[PDB]
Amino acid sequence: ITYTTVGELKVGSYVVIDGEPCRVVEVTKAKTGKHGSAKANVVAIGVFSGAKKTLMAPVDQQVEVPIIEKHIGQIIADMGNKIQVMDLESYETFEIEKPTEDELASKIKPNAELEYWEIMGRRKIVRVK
């Protein structure tokens, strides 16, 4: 939960909105005047939920950034809906949910090397080798 300001956000940055970490996909600026100070509207996609989240705030407003904590691991079981992963560093074999994405739900096999990120207390698979 590191901190920055809304004006510092750009496309590709990460930010917490409604409690969920999100990846910024659009930033629109608005000039000063009747509403108040200069403002930015950020459009972001929830990393877990996938939902579109927007935030309109003054450029100096403080926002929370999640920390990515990227890891690389491997799968032992298949278990159907749940998957048992082995982190390359530190063992710590754990259970997570299959990626419901198209490109990741295929290429799944026993002893397949994957890359999973750990953000705010919840892990997510991104790629598979």
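Each residue number is its position in the shown sequence, starting from 1.
For the pair 79 to 87 and 60 to 68, the mean B factor over Cα atoms is greater in 79 to 87. Across the two stretches, 98 to 106 and 42 to 50, the PDB entry reports the greater mean Cα temperature factor for 98 to 106.
Note on the listed residues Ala112, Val11, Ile17, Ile119: the highest Cα temperature factor in the record is that of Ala112. Remark: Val6 belongs to the lowest third of its chain, ranked by C-alpha B-factor as recorded. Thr93 sits in the highest third of its chain by CA B factor, as recorded in the PDB entry.
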